[PDB]
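Visitor: Requesting a structural model of the entry that follows:
(chains A and B)
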Amino acid sequence: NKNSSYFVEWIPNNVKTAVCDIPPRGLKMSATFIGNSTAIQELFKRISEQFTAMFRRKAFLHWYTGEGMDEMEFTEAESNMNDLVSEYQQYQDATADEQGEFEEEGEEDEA
Amino acid sequence: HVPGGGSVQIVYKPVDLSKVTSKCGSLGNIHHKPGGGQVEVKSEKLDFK
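Guide: Residues are numbered from 1 along each chain as shown, chains lettered A, B, ... in the order given. Okay, here it is:
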């Protein structure tokens, strides 16, 4: 309620509760958080630019090709991480309002 | 070199409803039979020849 801006709007009521009777040894009570946010875009955003910083210049790469890997694979790992950061950014702040194909049928015309 | 990927497209099918019949009982019957016919029962024949 006080943090409506921090939830995605087309998954309703974004919480999984669960309660155990038994606390961790040496704590009278505790809770565990597992949160799934768009915010993780940040990880894949930083790592895929640092990765293009490397493979764009074949830097550090002779050590790995030198074990039987190929340049196609660096491209496919990259292709996918860039695709992946584009999927998390597609859903970063994605509407509960309809998405796309906004075209229509007209009015009847004199003959 | 062209650097890899960077392209997805949304997993999205818009929602609608089709052939949802308005089958409520609100006008569910029309049949009728009258509460009997009109008759006379109050009068004698007085048939004294």
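
Visitor: For residue A:50, give me phi and psi.
Guide: The phi/psi pair for residue A:50 (degrees, to the nearest 10) reads phi -60, psi -30.

Visitor: Look up which helix or strand the residue of chain A found nearest chain B falls in, please.
Guide: Nearest residue of chain A to chain B (C-beta to the nearest C-beta) works out as residue A:79 at 3.0 Å. For every residue, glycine as well, the C-beta is placed using N, CA and C. Per DSSP states H and E, residue A:79 falls inside helix A:71-91.

Visitor: For the closest residue to residue A:40 other than its chain neighbours, list the residues it contacts.
Guide: Sequence neighbours aside, residue A:88 is the residue nearest to residue A:40 in space, at 6.7 Å (criterion: C-beta to C-beta, 6 or more residues apart in numbering or on different chains). Residues near residue A:88 by C-beta atoms under 8 Å, 6 or more residues apart in numbering or on different chains: A:38, A:40-41, A:44.

Visitor: Report the buried members of those.
Guide: Among the contacts of residue A:88, those buried by neighbour count (16 or more other C-beta atoms under 10 Å in any protein chain shown) are A:41, A:44.

Visitor: Helices - which of the contacts of residue A:88 land there?
Guide: Under the assignment DSSP state H, the contacts of residue A:88 contribute A:41, A:44 to helices.

Visitor: Closest one of the contacts of residue A:88 to residue A:106?
Guide: residue A:38 (38.8 Å; C-beta to C-beta).

Visitor: I'd assumed residue A:87 was in contact with the closest one.
Guide: No - the pair residue A:38 / residue A:87 is not scored as a contact, 10.5 Å apart, by C-beta atoms under 8 Å.

Visitor: Buried residues of the helix holding residue A:79, list them for me.
Guide: A:74-75, A:78-79, A:81-88, A:91.

Visitor: Leaving aside the residues adjacent along the chain, what's closest to residue A:10?
Guide: residue A:96 (4.5 Å).

Visitor: Quick check: that neighbour touching residue A:9?
Guide: Yes - contact criterion C-beta under 8 Å: residue A:96 and residue A:9 qualify, at 4.1 Å.

Visitor: Tell me which of those two has more neighbours.
Guide: residue A:9 (13 against 10; other C-beta atoms under 10 Å in any protein chain shown).

Visitor: At the contact with chain A, which residues of chain B appear?
Guide: Neighbours of chain A within chain B, by C-beta under 8 Å from any C-beta of the partner chain: B:1, B:3-8, B:10, B:12, B:14.
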